[PDB]
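Enquirer: Quick one: the structure is below, questions incoming.
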Amino acid sequence: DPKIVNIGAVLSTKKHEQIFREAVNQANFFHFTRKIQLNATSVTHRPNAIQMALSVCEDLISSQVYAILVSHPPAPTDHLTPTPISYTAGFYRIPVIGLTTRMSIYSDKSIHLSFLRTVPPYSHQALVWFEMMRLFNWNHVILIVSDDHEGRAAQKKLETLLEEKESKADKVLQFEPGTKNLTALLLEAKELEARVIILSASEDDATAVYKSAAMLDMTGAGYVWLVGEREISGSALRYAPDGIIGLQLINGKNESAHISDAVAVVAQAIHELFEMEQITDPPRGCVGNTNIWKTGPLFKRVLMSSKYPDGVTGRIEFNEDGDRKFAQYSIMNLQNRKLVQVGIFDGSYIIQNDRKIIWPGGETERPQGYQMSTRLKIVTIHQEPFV
Amino acid sequence: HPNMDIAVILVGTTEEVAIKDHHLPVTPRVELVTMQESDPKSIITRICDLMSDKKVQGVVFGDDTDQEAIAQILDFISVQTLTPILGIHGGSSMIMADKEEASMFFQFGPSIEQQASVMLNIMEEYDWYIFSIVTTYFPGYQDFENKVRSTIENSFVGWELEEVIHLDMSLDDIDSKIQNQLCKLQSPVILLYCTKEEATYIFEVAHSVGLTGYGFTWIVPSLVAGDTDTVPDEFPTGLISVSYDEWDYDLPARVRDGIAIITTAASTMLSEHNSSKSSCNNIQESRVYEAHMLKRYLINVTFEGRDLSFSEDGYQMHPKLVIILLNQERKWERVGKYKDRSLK
Amino acid sequence: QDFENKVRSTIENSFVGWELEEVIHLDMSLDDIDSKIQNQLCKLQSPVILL
Ligand SMILES: C[C@@H](CN1CCC(Cc2ccccc2)CC1)[C@@H](O)c1ccc(O)cc1
């Protein structure tokens, strides 16, 4: 009667570990301990990828883990940390749940099948961009992206968003990361009629892009600048132009909140999973086991259908890729070399706060776009009767 | 005088594997290894244990398994430790979607693009214009689809693709969404892109729809079969596939070709650069920067009048492939031989 | 049978461009396992279905 089920996890510190264990205690406390009983298992991030895959194969998988949590480790891991864990657990199709990881490379069901997350990726910011362009009705924007999987995913998502309206596109500027001179691309943008620039790239790239745009005087009045969370953070924040618009996801740096949310979703999933029959136990070790865990795709199915409205980050619903939907965002404006909240993104569309919207150049209210219609270069052809 | 260490890991097979089974100026050292289980922890640990103080720069790996995961493991290790790895037989030689530019992992298996091209050549040879596409979300399906769509664009010849259906294997089958998607199939030729287990389940599902019956011929890449000896009972009779040469190309010969590739690459940078920390966790010797030149040189290899040269996607450039057909007796028979240019 | 034959009778003498692509009879006397209902119904095309 008192049967136990093990749950694996990987967190930042023993503190977060204790948080997780407390969450498990509350989980068995808020559920029946008569039928099934919960057991907490967690390990700290290993120094290297290999050692972490090993830590999964012994400290986690050998313990028969039904799920594996992943958060950002102490000191910056560049968000590539959960990958080998998503691999190892993914081999057995053991669902892996992300917490602080925003990288869009995990939105591919191809590379990581068992990988979901409690935060939306950077590509999903195109939702907030979509409500922004919705209420303000901006029909012209230049899309400046670095050449990589991330930027191309964000690009694809924004285009899909732009695919909503008929034939909506202005210019696509793709650049290779680490390029010091963007002057060519920026001039090709400057030749374009649209004065509104949307740049999605890494911080160190954003510094050079902002540097080149500042060199081209594209940060002045008449122009609008809408960026993401990576662009306002780090080395780029110093070089950020005034009037720049940005976004910040709620509980992004927060592990414990997401630890709790994940614990809740996992609770629902586990309690819902034992309601069926023919439920097989996860492998008791990596060693000697070639075959995958047969219950894994089912548990994943249950996880992606999980609805948890009471989450600390708000309503929790997962998209097809496994990314979080209906996540709350914070719109940020740059006024007088200071960040300010002009509103927040909740559910559908956007609600504007009492703070006054500021634009580059320091203009109080200036929703000016598409600018000048001027002398047009005419490409033509040679045809005897006509030309 | 100069000498380099190489580790050869072979996994337990049904067939007889004997460890006892033109050396170049650089002298190779062969470490023979036999492994029971192909699981990730076993592979990673044994490889890291075989490393030890032996200072092995090159690694030769092959398996009898049907697991396509082995190539992902090997690629992960090669990418992480910046070390050359050559997939030889079976699972290690199977296909992946996209590998990093830093990855030195190379496979003797054919590129997915060339697989799809060969398949299309099969379709042309038997003159099948009407076909269908079923792919899973397993890595490479996008490449496959995009190759068929690429070929159908510039062809002046008559071509029709009725359907492209993408099945999600990440979820358990209850609602039978797989059945509902597969029952929509019409065309006589169905291109199925998926792993062997996926191929088994999907072929099992197709029986309910009757797509494995006569009038329907399935044309599949090397990813599904991958072993001519072991044939799943759920595989439909008359299944066409593409296989790397087995009778013609021996397993020890493959390993030989791998050592040849490694040695030739090391000798190529010997003439060019004129000039090896071994462990998992880290290397104080650096040299990661010089590893790239070694990889670039490892790309192009001319040996014995035959090019073993690899591709940027990580696969082999032009390996010999034979088209096989599953007969009534449920054994793979060779229905074709496909060369560089001409098609037999 | 009366329903089908009636629809075909009325549709026989119709000068209109009427077309019925398929007539599918599902057997409910036996429990559905092989999913013959599924297989028969998925083959359906036409926009209007008389059930
Ligand atoms: C790509 C595979 C999982 N894939 C990644 C992990 C690998 C095992 C591994 C563990 C540790 C280090 C390296 C490698 C095994 C293969 C999965 O997403 C998938 C399978 C089938 C499918 O239709 C779609 C997606």
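Just so we're on the same page: first chain in the structure tokens is A, next is B, and so on; residues restart at 1 for each chain, and ligands are numbered from 1 in the order they show up.
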Report as a Markdown table the residues of chain A within 8 Å of ligand 1, each with its shortest atom pair and distance in Å (one decimal), using only C-alpha atoms and all ligand atoms, ordered by chain and increasing residue number.

Expert:
| residue | atom | partner | partner_atom_place_in_ligand_line | distance |
| --- | --- | --- | --- | --- |
| A:50 | CA | ligand 1 | 12 (C) | 7.8 |
| A:53 | CA | ligand 1 | 11 (C) | 6.0 |
| A:84 | CA | ligand 1 | 12 (C) | 5.5 |
| A:85 | CA | ligand 1 | 11 (C) | 7.0 |
| A:86 | CA | ligand 1 | 6 (C) | 7.1 |
| A:87 | CA | ligand 1 | 6 (C) | 3.6 |
| A:88 | CA | ligand 1 | 10 (C) | 3.6 |
| A:89 | CA | ligand 1 | 10 (C) | 7.1 |
| A:90 | CA | ligand 1 | 3 (C) | 5.1 |
| A:91 | CA | ligand 1 | 15 (C) | 4.1 |
| A:92 | CA | ligand 1 | 15 (C) | 7.7 |
| A:93 | CA | ligand 1 | 17 (C) | 7.2 |
| A:109 | CA | ligand 1 | 25 (C) | 6.0 |
| A:110 | CA | ligand 1 | 25 (C) | 4.4 |
| A:111 | CA | ligand 1 | 18 (O) | 4.5 |
| A:112 | CA | ligand 1 | 18 (O) | 4.0 |
| A:113 | CA | ligand 1 | 18 (O) | 3.8 |
| A:114 | CA | ligand 1 | 18 (O) | 6.7 |

Enquirer: Save out the residues we just selected, N, CA, C and O atoms, as a PDB file, in the first residue's frame.

Expert:
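Output contents, as saved in part-v6.pdb:
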ATOM      1  N   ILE A  50      29.917  16.142 -19.606  1.00  0.00           N
ATOM      2  CA  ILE A  50      30.082  14.699 -19.436  1.00  0.00           C
ATOM      3  C   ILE A  50      29.718  14.263 -18.018  1.00  0.00           C
ATOM      4  O   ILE A  50      28.906  13.353 -17.825  1.00  0.00           O
ATOM      5  N   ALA A  53      26.060  14.350 -17.478  1.00  0.00           N
ATOM      6  CA  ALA A  53      25.388  13.212 -18.093  1.00  0.00           C
ATOM      7  C   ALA A  53      25.550  11.966 -17.226  1.00  0.00           C
ATOM      8  O   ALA A  53      24.624  11.161 -17.080  1.00  0.00           O
ATOM      9  N   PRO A  84      22.915  18.500 -22.095  1.00  0.00           N
ATOM     10  CA  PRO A  84      23.264  17.077 -21.963  1.00  0.00           C
ATOM     11  C   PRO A  84      22.285  16.298 -21.077  1.00  0.00           C
ATOM     12  O   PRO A  84      22.140  15.083 -21.239  1.00  0.00           O
ATOM     13  N   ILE A  85      21.611  16.998 -20.169  1.00  0.00           N
ATOM     14  CA  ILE A  85      20.618  16.375 -19.298  1.00  0.00           C
ATOM     15  C   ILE A  85      19.369  16.045 -20.109  1.00  0.00           C
ATOM     16  O   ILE A  85      18.775  14.972 -19.961  1.00  0.00           O
ATOM     17  N   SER A  86      18.992  16.976 -20.979  1.00  0.00           N
ATOM     18  CA  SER A  86      17.872  16.783 -21.887  1.00  0.00           C
ATOM     19  C   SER A  86      18.178  15.632 -22.837  1.00  0.00           C
ATOM     20  O   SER A  86      17.274  14.935 -23.283  1.00  0.00           O
ATOM     21  N   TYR A  87      19.454  15.471 -23.180  1.00  0.00           N
ATOM     22  CA  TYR A  87      19.898  14.338 -23.985  1.00  0.00           C
ATOM     23  C   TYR A  87      19.736  13.026 -23.235  1.00  0.00           C
ATOM     24  O   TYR A  87      19.061  12.112 -23.711  1.00  0.00           O
ATOM     25  N   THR A  88      20.365  12.937 -22.065  1.00  0.00           N
ATOM     26  CA  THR A  88      20.424  11.678 -21.333  1.00  0.00           C
ATOM     27  C   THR A  88      19.020  11.235 -20.950  1.00  0.00           C
ATOM     28  O   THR A  88      18.642  10.089 -21.185  1.00  0.00           O
ATOM     29  N   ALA A  89      18.253  12.143 -20.354  1.00  0.00           N
ATOM     30  CA  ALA A  89      16.873  11.838 -19.991  1.00  0.00           C
ATOM     31  C   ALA A  89      16.040  11.633 -21.255  1.00  0.00           C
ATOM     32  O   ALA A  89      15.092  10.847 -21.272  1.00  0.00           O
ATOM     33  N   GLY A  90      16.414  12.345 -22.313  1.00  0.00           N
ATOM     34  CA  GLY A  90      15.721  12.289 -23.588  1.00  0.00           C
ATOM     35  C   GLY A  90      15.940  10.981 -24.317  1.00  0.00           C
ATOM     36  O   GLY A  90      15.088  10.544 -25.089  1.00  0.00           O
ATOM     37  N   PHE A  91      17.099  10.370 -24.088  1.00  0.00           N
ATOM     38  CA  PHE A  91      17.383   9.043 -24.620  1.00  0.00           C
ATOM     39  C   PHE A  91      16.311   8.044 -24.219  1.00  0.00           C
ATOM     40  O   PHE A  91      15.839   7.254 -25.035  1.00  0.00           O
ATOM     41  N   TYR A  92      15.933   8.092 -22.950  1.00  0.00           N
ATOM     42  CA  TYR A  92      14.918   7.200 -22.416  1.00  0.00           C
ATOM     43  C   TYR A  92      13.532   7.821 -22.522  1.00  0.00           C
ATOM     44  O   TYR A  92      12.552   7.260 -22.031  1.00  0.00           O
ATOM     45  N   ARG A  93      13.467   8.986 -23.164  1.00  0.00           N
ATOM     46  CA  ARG A  93      12.223   9.735 -23.330  1.00  0.00           C
ATOM     47  C   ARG A  93      11.630  10.098 -21.970  1.00  0.00           C
ATOM     48  O   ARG A  93      10.419  10.266 -21.834  1.00  0.00           O
ATOM     49  N   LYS A 109      11.098  20.044 -31.262  1.00  0.00           N
ATOM     50  CA  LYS A 109      10.762  18.720 -30.750  1.00  0.00           C
ATOM     51  C   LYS A 109      11.707  17.666 -31.321  1.00  0.00           C
ATOM     52  O   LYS A 109      11.806  16.553 -30.807  1.00  0.00           O
ATOM     53  N   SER A 110      12.399  18.040 -32.393  1.00  0.00           N
ATOM     54  CA  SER A 110      13.377  17.182 -33.052  1.00  0.00           C
ATOM     55  C   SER A 110      14.645  16.932 -32.236  1.00  0.00           C
ATOM     56  O   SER A 110      15.037  15.784 -32.031  1.00  0.00           O
ATOM     57  N   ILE A 111      15.281  18.001 -31.768  1.00  0.00           N
ATOM     58  CA  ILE A 111      16.521  17.866 -31.010  1.00  0.00           C
ATOM     59  C   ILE A 111      16.266  17.390 -29.586  1.00  0.00           C
ATOM     60  O   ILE A 111      16.932  16.474 -29.104  1.00  0.00           O
ATOM     61  N   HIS A 112      15.313  18.023 -28.911  1.00  0.00           N
ATOM     62  CA  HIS A 112      14.924  17.601 -27.572  1.00  0.00           C
ATOM     63  C   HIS A 112      13.441  17.244 -27.545  1.00  0.00           C
ATOM     64  O   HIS A 112      12.582  18.124 -27.608  1.00  0.00           O
ATOM     65  N   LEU A 113      13.144  15.953 -27.442  1.00  0.00           N
ATOM     66  CA  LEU A 113      11.763  15.483 -27.489  1.00  0.00           C
ATOM     67  C   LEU A 113      11.086  15.572 -26.130  1.00  0.00           C
ATOM     68  O   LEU A 113       9.929  15.967 -26.032  1.00  0.00           O
ATOM     69  N   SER A 114      11.816  15.214 -25.083  1.00  0.00           N
ATOM     70  CA  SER A 114      11.243  15.121 -23.748  1.00  0.00           C
ATOM     71  C   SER A 114      11.344  16.445 -22.997  1.00  0.00           C
ATOM     72  O   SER A 114      10.991  16.526 -21.822  1.00  0.00           O
TER      73      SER A 114
END

Enquirer: Would you kindly report the residues of chain A within 6 Å of chain B, using only C-alpha atoms, as a compact mmCIF listing (two decimals) with N, CA and C atoms, in the first residue's frame?

Expert:
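Contents of the output file part_32.txt:
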# COMPACT_ATOMS: atom_id res chain seq x y z
N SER A 110 12.40 18.04 -32.39
CA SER A 110 13.38 17.18 -33.05
C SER A 110 14.64 16.93 -32.24
N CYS A 286 21.51 3.22 -16.11
CA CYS A 286 21.85 3.44 -17.50
C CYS A 286 22.50 2.17 -18.00
N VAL A 287 23.41 1.62 -17.19
CA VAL A 287 24.19 0.45 -17.55
C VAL A 287 23.31 -0.74 -17.93
N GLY A 288 23.56 -1.30 -19.11
CA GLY A 288 22.88 -2.49 -19.58
C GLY A 288 21.54 -2.26 -20.26
N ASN A 289 21.03 -1.03 -20.18
CA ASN A 289 19.74 -0.72 -20.78
C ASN A 289 19.85 0.07 -22.08
N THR A 290 19.52 -0.59 -23.18
CA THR A 290 19.48 0.04 -24.49
C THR A 290 18.12 0.68 -24.73
N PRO A 297 6.64 8.86 -23.32
CA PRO A 297 5.78 9.64 -24.21
C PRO A 297 4.40 9.95 -23.63
N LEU A 298 3.89 9.03 -22.82
CA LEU A 298 2.61 9.24 -22.16
C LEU A 298 2.73 10.35 -21.14
N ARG A 301 2.91 13.53 -22.76
CA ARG A 301 1.57 13.91 -23.21
C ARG A 301 0.78 14.57 -22.09

Enquirer: Can you pull out every residue within 12 Å of residue 8 of chain C, counting only C-alpha atoms, but drop anything in the same chain fewer than 2 positions away, and send it as a list in words?

Expert: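 Returned residues: residues 1, 2, 3, 4, 5, 6, 10, 11, 12, 13, 14, 18, 19, 20, 21, 22 and 23 of chain C.
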
Enquirer: Need the shell around segment 208-216 of chain B: protein/DNA/RNA residues with any atom at most 9 Å away, counting only C-alpha atoms. Skip same-chain ones fewer than 4 positions apart. Format as a list in words?

Expert: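 The neighbour list is residues 179, 182, 183, 185, 186, 187, 188, 189, 190, 203, 204, 235, 236, 237, 238 and 239 of chain B; 34, 35, 36 and 39 of chain C.
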
Enquirer: Do you have the atom CA of residue 70 of chain A-atom CA of residue 98 of chain A distance handy?

Expert: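 Interatomic distance here is 4.8 Å.
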
Enquirer: List every residue of segment 214-314 of chain B that DSSP, applied to the backbone of this structure, places in strand (DSSP E or B), and write the result as a CSV table (one decimal) with C-alpha atoms, in the first residue's frame.

Expert:
chain,number,residue,atom,x,y,z
B,217,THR,CA,5.4,0.2,-52.4
B,218,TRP,CA,7.3,1.9,-49.6
B,219,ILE,CA,10.7,3.6,-50.4
B,240,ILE,CA,12.5,-1.0,-50.8
B,241,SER,CA,15.5,0.5,-49.0
B,242,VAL,CA,19.1,1.7,-49.3
B,243,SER,CA,22.0,-0.1,-47.6
B,244,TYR,CA,25.7,0.4,-47.3
B,302,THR,CA,42.5,10.2,-50.8
B,303,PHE,CA,43.2,6.6,-50.2
B,306,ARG,CA,39.3,5.7,-53.5
B,307,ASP,CA,38.1,8.9,-51.7
B,310,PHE,CA,33.5,13.2,-45.6

Enquirer: What does the distance between atom CA of residue 4 of chain B and atom CA of residue 90 of chain B come to in Å, to one decimal place?

Expert: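 Distance reported for this atom pair: 26.6 Å.
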
Enquirer: Quick one, how far is atom CA of residue 41 of chain C from atom CA of residue 159 of chain B?

Expert: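 Separation of atom CA of residue 41 of chain C and atom CA of residue 159 of chain B: 29.0 Å.
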